Amino acid sequence: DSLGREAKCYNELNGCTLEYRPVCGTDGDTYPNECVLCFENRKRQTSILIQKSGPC
Amino acid sequence: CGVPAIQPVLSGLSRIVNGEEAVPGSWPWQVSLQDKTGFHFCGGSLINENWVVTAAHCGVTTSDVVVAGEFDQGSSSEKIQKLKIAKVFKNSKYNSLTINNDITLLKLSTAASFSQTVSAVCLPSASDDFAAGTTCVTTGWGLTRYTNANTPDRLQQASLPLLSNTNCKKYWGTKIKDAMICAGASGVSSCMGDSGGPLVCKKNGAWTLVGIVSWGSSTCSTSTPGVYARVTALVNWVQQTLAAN
């Protein structure tokens with residue numbers, strides 16, 4: 001109904017980069033980085049977007 | 001190089017579920033990369049009184065700050081150094097798809113003032129060989145549990161052994177390149193916020209920079225090896241950028 005911005009993985013790698021760059025998902029949750037939000041959507045077969053960067 | 005005035009105390013807790021808290025000041029080369037907002041997003045190690053070495057995926061800007069001498073980030077105040085950055089040297093061969101050649105050099109505007117709590121790490125020789133199965137140290141403010149989503153205030157340190165390319169490929173398979181070195185898979189993991197920090201292997205009394213925190217398990221799996229930028233494979237570039245700058 002709303003939204004903004006899709007979280008990107010490194011597809012050419014199946015683990016993430018270890019930087020701390022929290023993202024606020026459209027779900028109300030904080031993700032340590034974007035790659036995390038992506039792997040979580042993959043596993044969960046979910047489609048959570050990034051609400052705002054930084055923490056919720 | 002590579003001798004903390006202040007001596008680390010590595011206990012058996014350093015080897016299990018995401019290490020322990022460091023003796024304050026015991027890893028002097030440990031710095032924190034921060035925003036204008038004072039928010040920690042990567043680590044780094046001081047190789048000079050002028051340069052910091054880090055991972056290239058970190059996206060360090062000239063707008064970002066290097067904080068030397070911190071223990072407790074939640075300190076209303078301690079004696080630290082907020083050094084500015086003047087020039088960023090991102091490896092030309094860094095591959096963004098692959099995270100291969102994941103080193104970046106930060107040249108400081110403001111020299112760091114080596115103290116008892118601020119010093120530098122020894123860089124290795126290209127021909128240097130750090131045997132698989134050697135127990136090393138990794139330091140940072142990376143999460144302690146993926147499930148925390150709150151980076152710790154205090155520097156942590158984990159003890160993990162080195163791995164052969166060969167036995168890491170069993171877990172990462174083809175992703176493992178030559179400018180990469182694996183470590184852990186032993187009860188301890190590098191995690192969000194540890195990126196660009198050090199993987200120190202003591203050599204002939206000195207603590208030496210063998211890896212840079214790069215990437216690994218999307219969930220900070222203690223039974224999976226963590227990947228680091230392999231310093232021996234990128235040190236001539238460090239040497240040559242330093243010389244021309």
# chains A, B, ... in the order shown; residues from 1 in each chain; ligands from 1
$ closest_atom_pairs --of "stretch 61-167 of chain B" --to "stretch 1-9 of chain A" --cutoff "12 Å" --atoms "only C-alpha atoms" --output "JSON lines"
{"residue": "B:96", "atom": "CA", "partner": "A:9", "partner_atom": "CA", "distance": 11.3}
{"residue": "B:97", "atom": "CA", "partner": "A:9", "partner_atom": "CA", "distance": 9.7}
{"residue": "B:98", "atom": "CA", "partner": "A:9", "partner_atom": "CA", "distance": 11.4}
$ interface_residues --of "chain B" --to "chain A" --cutoff "10 Å" --atoms "only C-alpha atoms" --output "PDB file with N, CA and C atoms, in the first residue's frame"
ATOM      1  N   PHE B  39      28.534   7.942  15.031  1.00  0.00           N
ATOM      2  CA  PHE B  39      27.972   6.559  15.100  1.00  0.00           C
ATOM      3  C   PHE B  39      28.924   5.636  14.378  1.00  0.00           C
ATOM      4  N   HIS B  40      29.381   4.672  15.184  1.00  0.00           N
ATOM      5  CA  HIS B  40      30.321   3.610  14.781  1.00  0.00           C
ATOM      6  C   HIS B  40      29.771   2.631  13.736  1.00  0.00           C
ATOM      7  N   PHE B  41      30.399   2.484  12.586  1.00  0.00           N
ATOM      8  CA  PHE B  41      29.936   1.638  11.513  1.00  0.00           C
ATOM      9  C   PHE B  41      30.970   0.645  10.965  1.00  0.00           C
ATOM     10  N   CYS B  42      32.189   0.763  11.459  1.00  0.00           N
ATOM     11  CA  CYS B  42      33.328  -0.099  11.043  1.00  0.00           C
ATOM     12  C   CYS B  42      34.474   0.156  12.014  1.00  0.00           C
ATOM     13  N   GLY B  43      35.519  -0.624  11.970  1.00  0.00           N
ATOM     14  CA  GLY B  43      36.723  -0.508  12.825  1.00  0.00           C
ATOM     15  C   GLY B  43      37.838  -0.242  11.789  1.00  0.00           C
ATOM     16  N   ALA B  55      38.609  -2.045   5.692  1.00  0.00           N
ATOM     17  CA  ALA B  55      37.993  -2.862   4.618  1.00  0.00           C
ATOM     18  C   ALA B  55      37.416  -1.807   3.667  1.00  0.00           C
ATOM     19  N   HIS B  57      34.599  -2.105   1.781  1.00  0.00           N
ATOM     20  CA  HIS B  57      33.146  -2.168   1.656  1.00  0.00           C
ATOM     21  C   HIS B  57      32.476  -1.197   2.648  1.00  0.00           C
ATOM     22  N   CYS B  58      33.348  -0.767   3.566  1.00  0.00           N
ATOM     23  CA  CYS B  58      32.900   0.150   4.634  1.00  0.00           C
ATOM     24  C   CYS B  58      32.376   1.497   4.135  1.00  0.00           C
ATOM     25  N   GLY B  59      32.798   1.933   2.953  1.00  0.00           N
ATOM     26  CA  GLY B  59      32.404   3.233   2.369  1.00  0.00           C
ATOM     27  C   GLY B  59      32.880   4.456   3.148  1.00  0.00           C
ATOM     28  N   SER B  96      33.658  -5.560  -5.871  1.00  0.00           N
ATOM     29  CA  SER B  96      32.383  -5.303  -5.196  1.00  0.00           C
ATOM     30  C   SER B  96      31.309  -6.359  -5.216  1.00  0.00           C
ATOM     31  N   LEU B  97      31.463  -7.265  -6.132  1.00  0.00           N
ATOM     32  CA  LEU B  97      30.560  -8.382  -6.383  1.00  0.00           C
ATOM     33  C   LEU B  97      30.889  -9.603  -5.488  1.00  0.00           C
ATOM     34  N   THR B  98      32.166  -9.753  -5.342  1.00  0.00           N
ATOM     35  CA  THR B  98      33.032 -10.668  -4.663  1.00  0.00           C
ATOM     36  C   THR B  98      33.727 -10.297  -3.355  1.00  0.00           C
ATOM     37  N   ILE B  99      33.860  -9.008  -3.030  1.00  0.00           N
ATOM     38  CA  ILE B  99      34.483  -8.446  -1.839  1.00  0.00           C
ATOM     39  C   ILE B  99      35.946  -8.879  -1.895  1.00  0.00           C
ATOM     40  N   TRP B 141      33.801  -3.858  18.094  1.00  0.00           N
ATOM     41  CA  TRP B 141      32.508  -3.389  18.668  1.00  0.00           C
ATOM     42  C   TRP B 141      31.329  -3.876  17.854  1.00  0.00           C
ATOM     43  N   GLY B 142      31.506  -4.950  17.210  1.00  0.00           N
ATOM     44  CA  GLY B 142      30.572  -5.668  16.338  1.00  0.00           C
ATOM     45  C   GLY B 142      29.628  -6.349  17.356  1.00  0.00           C
ATOM     46  N   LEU B 143      28.453  -6.706  16.905  1.00  0.00           N
ATOM     47  CA  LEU B 143      27.461  -7.356  17.780  1.00  0.00           C
ATOM     48  C   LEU B 143      27.994  -8.738  18.224  1.00  0.00           C
ATOM     49  N   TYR B 146      23.724 -11.613  16.806  1.00  0.00           N
ATOM     50  CA  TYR B 146      22.999 -11.089  15.642  1.00  0.00           C
ATOM     51  C   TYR B 146      21.631 -10.478  15.970  1.00  0.00           C
ATOM     52  N   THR B 147      21.165 -11.106  17.025  1.00  0.00           N
ATOM     53  CA  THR B 147      19.918 -10.947  17.761  1.00  0.00           C
ATOM     54  C   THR B 147      19.927  -9.776  18.729  1.00  0.00           C
ATOM     55  N   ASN B 148      21.031  -9.025  18.857  1.00  0.00           N
ATOM     56  CA  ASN B 148      21.132  -7.869  19.749  1.00  0.00           C
ATOM     57  C   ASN B 148      20.733  -6.559  19.067  1.00  0.00           C
ATOM     58  N   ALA B 149      21.294  -6.394  17.885  1.00  0.00           N
ATOM     59  CA  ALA B 149      20.956  -5.109  17.178  1.00  0.00           C
ATOM     60  C   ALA B 149      20.983  -3.987  18.252  1.00  0.00           C
ATOM     61  N   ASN B 150      22.217  -3.799  18.657  1.00  0.00           N
ATOM     62  CA  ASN B 150      22.903  -2.973  19.618  1.00  0.00           C
ATOM     63  C   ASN B 150      24.351  -3.543  19.662  1.00  0.00           C
ATOM     64  N   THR B 151      25.185  -2.627  19.204  1.00  0.00           N
ATOM     65  CA  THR B 151      26.640  -2.860  19.147  1.00  0.00           C
ATOM     66  C   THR B 151      27.094  -2.623  20.586  1.00  0.00           C
ATOM     67  N   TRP B 172      32.614 -22.258   2.058  1.00  0.00           N
ATOM     68  CA  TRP B 172      32.257 -21.113   1.191  1.00  0.00           C
ATOM     69  C   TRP B 172      32.393 -21.445  -0.278  1.00  0.00           C
ATOM     70  N   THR B 174      33.616 -21.922  -3.761  1.00  0.00           N
ATOM     71  CA  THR B 174      34.271 -21.063  -4.718  1.00  0.00           C
ATOM     72  C   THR B 174      34.376 -19.589  -4.431  1.00  0.00           C
ATOM     73  N   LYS B 175      33.734 -19.112  -3.422  1.00  0.00           N
ATOM     74  CA  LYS B 175      33.763 -17.684  -3.095  1.00  0.00           C
ATOM     75  C   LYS B 175      35.119 -17.248  -2.587  1.00  0.00           C
ATOM     76  N   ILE B 176      35.790 -18.127  -1.921  1.00  0.00           N
ATOM     77  CA  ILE B 176      37.130 -17.893  -1.371  1.00  0.00           C
ATOM     78  C   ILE B 176      38.240 -17.704  -2.421  1.00  0.00           C
ATOM     79  N   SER B 190      33.040 -12.950  14.028  1.00  0.00           N
ATOM     80  CA  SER B 190      33.215 -11.522  13.668  1.00  0.00           C
ATOM     81  C   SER B 190      31.705 -11.211  13.364  1.00  0.00           C
ATOM     82  N   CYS B 191      31.202 -10.006  13.560  1.00  0.00           N
ATOM     83  CA  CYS B 191      29.746  -9.788  13.296  1.00  0.00           C
ATOM     84  C   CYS B 191      29.603  -8.327  12.888  1.00  0.00           C
ATOM     85  N   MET B 192      28.414  -7.866  12.555  1.00  0.00           N
ATOM     86  CA  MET B 192      28.096  -6.507  12.151  1.00  0.00           C
ATOM     87  C   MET B 192      28.733  -5.500  13.137  1.00  0.00           C
ATOM     88  N   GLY B 193      29.555  -4.694  12.441  1.00  0.00           N
ATOM     89  CA  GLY B 193      30.250  -3.648  13.150  1.00  0.00           C
ATOM     90  C   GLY B 193      31.707  -4.027  13.378  1.00  0.00           C
ATOM     91  N   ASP B 194      32.109  -5.222  13.023  1.00  0.00           N
ATOM     92  CA  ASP B 194      33.525  -5.597  13.214  1.00  0.00           C
ATOM     93  C   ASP B 194      34.366  -5.299  11.957  1.00  0.00           C
ATOM     94  N   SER B 195      33.681  -5.128  10.880  1.00  0.00           N
ATOM     95  CA  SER B 195      34.258  -4.883   9.564  1.00  0.00           C
ATOM     96  C   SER B 195      35.425  -3.913   9.583  1.00  0.00           C
ATOM     97  N   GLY B 196      36.519  -4.138   8.901  1.00  0.00           N
ATOM     98  CA  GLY B 196      37.752  -3.333   8.766  1.00  0.00           C
ATOM     99  C   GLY B 196      38.662  -3.458   9.988  1.00  0.00           C
ATOM    100  N   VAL B 213      38.633  -7.435   8.803  1.00  0.00           N
ATOM    101  CA  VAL B 213      37.315  -8.045   8.825  1.00  0.00           C
ATOM    102  C   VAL B 213      36.622  -7.664   7.512  1.00  0.00           C
ATOM    103  N   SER B 214      36.116  -8.743   6.892  1.00  0.00           N
ATOM    104  CA  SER B 214      35.460  -8.519   5.582  1.00  0.00           C
ATOM    105  C   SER B 214      33.995  -8.910   5.598  1.00  0.00           C
ATOM    106  N   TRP B 215      33.846 -10.198   5.393  1.00  0.00           N
ATOM    107  CA  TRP B 215      32.475 -10.762   5.324  1.00  0.00           C
ATOM    108  C   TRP B 215      32.362 -12.136   5.958  1.00  0.00           C
ATOM    109  N   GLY B 216      31.128 -12.646   5.971  1.00  0.00           N
ATOM    110  CA  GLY B 216      31.003 -14.036   6.554  1.00  0.00           C
ATOM    111  C   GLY B 216      29.499 -14.282   6.617  1.00  0.00           C
ATOM    112  N   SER B 217      29.130 -15.136   7.488  1.00  0.00           N
ATOM    113  CA  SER B 217      27.779 -15.614   7.730  1.00  0.00           C
ATOM    114  C   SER B 217      26.853 -14.445   7.993  1.00  0.00           C
ATOM    115  N   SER B 218      25.711 -14.557   7.302  1.00  0.00           N
ATOM    116  CA  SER B 218      24.698 -13.461   7.433  1.00  0.00           C
ATOM    117  C   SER B 218      24.022 -13.380   8.820  1.00  0.00           C
ATOM    118  N   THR B 219      24.393 -14.350   9.617  1.00  0.00           N
ATOM    119  CA  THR B 219      23.868 -14.524  10.935  1.00  0.00           C
ATOM    120  C   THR B 219      24.756 -14.739  12.105  1.00  0.00           C
ATOM    121  N   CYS B 220      26.005 -14.575  11.890  1.00  0.00           N
ATOM    122  CA  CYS B 220      27.200 -14.602  12.756  1.00  0.00           C
ATOM    123  C   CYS B 220      27.419 -15.954  13.478  1.00  0.00           C
ATOM    124  N   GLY B 226      34.670 -17.225   9.171  1.00  0.00           N
ATOM    125  CA  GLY B 226      34.641 -15.778   8.903  1.00  0.00           C
ATOM    126  C   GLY B 226      35.822 -15.561   7.911  1.00  0.00           C
ATOM    127  N   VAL B 227      35.601 -14.671   6.944  1.00  0.00           N
ATOM    128  CA  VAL B 227      36.537 -14.334   5.875  1.00  0.00           C
ATOM    129  C   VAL B 227      37.113 -12.991   6.199  1.00  0.00           C
TER     130      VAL B 227
END
$ select_by_dssp --residues "stretch 145-240 of chain B" --states "helix (DSSP H, G or I)" --output "ChimeraX atom specification"
/B:165-168,173-175,231-233,235-240
$ write_last_selection --atoms "N, CA and C atoms" --output "short mmCIF file (atom, residue, chain, number, x, y, z; two decimals), in the first residue's frame"
data_model
loop_
_atom_site.label_atom_id
_atom_site.label_comp_id
_atom_site.auth_asym_id
_atom_site.auth_seq_id
_atom_site.Cartn_x
_atom_site.Cartn_y
_atom_site.Cartn_z
N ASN B 165 42.86 -22.35 2.87
CA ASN B 165 41.95 -21.91 1.78
C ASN B 165 41.00 -23.10 1.52
N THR B 166 41.74 -24.17 1.45
CA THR B 166 41.27 -25.51 1.23
C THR B 166 40.17 -26.03 2.11
N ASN B 167 40.36 -25.79 3.39
CA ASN B 167 39.26 -26.26 4.30
C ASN B 167 38.23 -25.18 4.53
N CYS B 168 38.34 -23.98 3.97
CA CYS B 168 37.32 -22.91 4.10
C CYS B 168 36.42 -23.13 2.88
N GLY B 173 33.07 -22.59 -0.45
CA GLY B 173 33.36 -23.17 -1.74
C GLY B 173 34.17 -22.19 -2.59
N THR B 174 33.62 -21.92 -3.76
CA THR B 174 34.27 -21.06 -4.72
C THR B 174 34.38 -19.59 -4.43
N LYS B 175 33.73 -19.11 -3.42
CA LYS B 175 33.76 -17.68 -3.10
C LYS B 175 35.12 -17.25 -2.59
N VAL B 231 46.22 -9.83 4.26
CA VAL B 231 47.22 -8.79 4.36
C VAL B 231 48.50 -9.10 3.63
N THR B 232 49.01 -10.29 3.69
CA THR B 232 50.24 -10.66 2.96
C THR B 232 50.11 -10.44 1.45
N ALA B 233 48.90 -10.69 0.94
CA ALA B 233 48.51 -10.53 -0.47
C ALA B 233 48.24 -9.07 -0.87
N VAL B 235 49.88 -6.22 1.03
CA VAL B 235 50.86 -5.35 1.73
C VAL B 235 51.83 -4.55 0.87
N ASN B 236 52.05 -5.09 -0.32
CA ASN B 236 52.97 -4.31 -1.24
C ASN B 236 52.15 -3.10 -1.66
N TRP B 237 50.86 -3.22 -1.91
CA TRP B 237 49.99 -2.07 -2.23
C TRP B 237 50.03 -1.11 -1.01
N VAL B 238 49.84 -1.61 0.19
CA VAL B 238 49.95 -0.71 1.36
C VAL B 238 51.27 0.08 1.29
N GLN B 239 52.41 -0.52 1.23
CA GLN B 239 53.77 -0.04 1.12
C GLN B 239 53.98 1.03 0.06
N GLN B 240 53.47 0.72 -1.12
CA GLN B 240 53.53 1.61 -2.29
C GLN B 240 52.59 2.82 -2.21
#
$ select_by_dssp --residues "chain A" --states "strand (DSSP E)" --output "list in words"
residues 16, 17, 23, 24, 25, 30, 31, 50, 51, 52 and 53 of chain A
$ write_last_selection --atoms "C-alpha atoms" --output "PDB file, in the first residue's frame"
ATOM      1  CA  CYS A  16      27.267 -10.566   4.235  1.00  0.00           C
ATOM      2  CA  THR A  17      29.683  -7.720   4.902  1.00  0.00           C
ATOM      3  CA  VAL A  23      18.087   0.013   8.388  1.00  0.00           C
ATOM      4  CA  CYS A  24      14.493   0.384   9.601  1.00  0.00           C
ATOM      5  CA  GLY A  25      12.371  -2.168   7.726  1.00  0.00           C
ATOM      6  CA  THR A  30      16.052  -2.793  12.778  1.00  0.00           C
ATOM      7  CA  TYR A  31      18.566  -4.799  10.479  1.00  0.00           C
ATOM      8  CA  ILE A  50      13.594  -0.205   4.023  1.00  0.00           C
ATOM      9  CA  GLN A  51      11.441   2.499   5.668  1.00  0.00           C
ATOM     10  CA  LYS A  52      14.316   4.758   6.572  1.00  0.00           C
ATOM     11  CA  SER A  53      17.984   4.149   7.039  1.00  0.00           C
TER      12      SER A  53
END
$ residues_around --residues "residue B:12" --least-positions-apart "6" --cutoff "12 Å" --atoms "only C-alpha atoms" --output "number ranges by chain"
B: 18-21, 157-160, 187-188
$ decode --residues "stretch 149-177 of chain B" --atoms "N, CA and C atoms" --output "mmCIF file, in the first residue's frame"
data_model
loop_
_atom_site.group_PDB
_atom_site.id
_atom_site.type_symbol
_atom_site.label_atom_id
_atom_site.label_comp_id
_atom_site.auth_asym_id
_atom_site.auth_seq_id
_atom_site.Cartn_x
_atom_site.Cartn_y
_atom_site.Cartn_z
ATOM 1 N N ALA B 149 21.294 -6.394 17.885
ATOM 2 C CA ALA B 149 20.956 -5.109 17.178
ATOM 3 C C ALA B 149 20.983 -3.987 18.252
ATOM 4 N N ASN B 150 22.217 -3.799 18.657
ATOM 5 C CA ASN B 150 22.903 -2.973 19.618
ATOM 6 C C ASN B 150 24.351 -3.543 19.662
ATOM 7 N N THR B 151 25.185 -2.627 19.204
ATOM 8 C CA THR B 151 26.640 -2.860 19.147
ATOM 9 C C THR B 151 27.094 -2.623 20.586
ATOM 10 N N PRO B 152 28.024 -3.387 21.076
ATOM 11 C CA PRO B 152 28.539 -3.230 22.444
ATOM 12 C C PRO B 152 29.260 -1.903 22.688
ATOM 13 N N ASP B 153 29.267 -1.431 23.931
ATOM 14 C CA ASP B 153 29.958 -0.159 24.222
ATOM 15 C C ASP B 153 31.469 -0.474 24.301
ATOM 16 N N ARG B 154 31.773 -1.611 24.969
ATOM 17 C CA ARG B 154 33.192 -1.972 25.119
ATOM 18 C C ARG B 154 33.901 -2.842 24.107
ATOM 19 N N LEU B 155 35.159 -2.622 23.740
ATOM 20 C CA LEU B 155 35.887 -3.442 22.782
ATOM 21 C C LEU B 155 35.865 -4.925 23.220
ATOM 22 N N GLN B 156 35.612 -5.804 22.236
ATOM 23 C CA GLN B 156 35.586 -7.230 22.560
ATOM 24 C C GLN B 156 36.790 -7.861 21.844
ATOM 25 N N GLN B 157 37.103 -9.047 22.202
ATOM 26 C CA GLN B 157 38.189 -9.759 21.572
ATOM 27 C C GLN B 157 37.793 -11.201 21.727
ATOM 28 N N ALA B 158 38.023 -11.921 20.688
ATOM 29 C CA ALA B 158 37.850 -13.333 20.361
ATOM 30 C C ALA B 158 39.214 -13.866 19.845
ATOM 31 N N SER B 159 39.366 -15.125 20.197
ATOM 32 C CA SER B 159 40.543 -15.954 19.849
ATOM 33 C C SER B 159 39.958 -17.019 18.897
ATOM 34 N N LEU B 160 40.547 -17.106 17.735
ATOM 35 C CA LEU B 160 40.046 -18.117 16.773
ATOM 36 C C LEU B 160 41.256 -18.573 16.019
ATOM 37 N N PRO B 161 41.238 -19.788 15.523
ATOM 38 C CA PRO B 161 42.326 -20.310 14.710
ATOM 39 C C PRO B 161 42.164 -20.019 13.228
ATOM 40 N N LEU B 162 43.312 -19.930 12.599
ATOM 41 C CA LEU B 162 43.415 -19.770 11.155
ATOM 42 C C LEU B 162 43.004 -21.052 10.409
ATOM 43 N N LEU B 163 42.486 -20.778 9.197
ATOM 44 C CA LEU B 163 42.111 -21.908 8.332
ATOM 45 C C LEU B 163 42.812 -21.888 6.963
ATOM 46 N N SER B 164 42.963 -23.071 6.403
ATOM 47 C CA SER B 164 43.540 -23.261 5.048
ATOM 48 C C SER B 164 42.496 -22.835 4.004
ATOM 49 N N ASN B 165 42.860 -22.349 2.865
ATOM 50 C CA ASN B 165 41.954 -21.910 1.784
ATOM 51 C C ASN B 165 40.998 -23.100 1.520
ATOM 52 N N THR B 166 41.743 -24.171 1.445
ATOM 53 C CA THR B 166 41.267 -25.507 1.232
ATOM 54 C C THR B 166 40.166 -26.028 2.112
ATOM 55 N N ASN B 167 40.357 -25.794 3.393
ATOM 56 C CA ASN B 167 39.263 -26.265 4.304
ATOM 57 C C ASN B 167 38.229 -25.178 4.529
ATOM 58 N N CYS B 168 38.342 -23.978 3.973
ATOM 59 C CA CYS B 168 37.320 -22.911 4.103
ATOM 60 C C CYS B 168 36.423 -23.134 2.883
ATOM 61 N N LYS B 169 37.094 -23.570 1.819
ATOM 62 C CA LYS B 169 36.260 -23.819 0.605
ATOM 63 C C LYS B 169 35.195 -24.885 0.784
ATOM 64 N N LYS B 170 35.333 -25.609 1.887
ATOM 65 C CA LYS B 170 34.382 -26.637 2.234
ATOM 66 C C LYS B 170 33.094 -25.928 2.719
ATOM 67 N N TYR B 171 33.275 -24.705 3.250
ATOM 68 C CA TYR B 171 32.091 -23.999 3.720
ATOM 69 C C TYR B 171 31.707 -22.916 2.715
ATOM 70 N N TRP B 172 32.614 -22.258 2.058
ATOM 71 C CA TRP B 172 32.257 -21.113 1.191
ATOM 72 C C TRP B 172 32.393 -21.445 -0.278
ATOM 73 N N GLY B 173 33.066 -22.586 -0.448
ATOM 74 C CA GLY B 173 33.358 -23.170 -1.737
ATOM 75 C C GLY B 173 34.169 -22.195 -2.589
ATOM 76 N N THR B 174 33.616 -21.922 -3.761
ATOM 77 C CA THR B 174 34.271 -21.063 -4.718
ATOM 78 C C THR B 174 34.376 -19.589 -4.431
ATOM 79 N N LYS B 175 33.734 -19.112 -3.422
ATOM 80 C CA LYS B 175 33.763 -17.684 -3.095
ATOM 81 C C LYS B 175 35.119 -17.248 -2.587
ATOM 82 N N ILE B 176 35.790 -18.127 -1.921
ATOM 83 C CA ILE B 176 37.130 -17.893 -1.371
ATOM 84 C C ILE B 176 38.240 -17.704 -2.421
ATOM 85 N N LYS B 177 38.722 -16.482 -2.437
ATOM 86 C CA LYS B 177 39.788 -16.016 -3.294
ATOM 87 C C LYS B 177 41.138 -16.035 -2.572
#
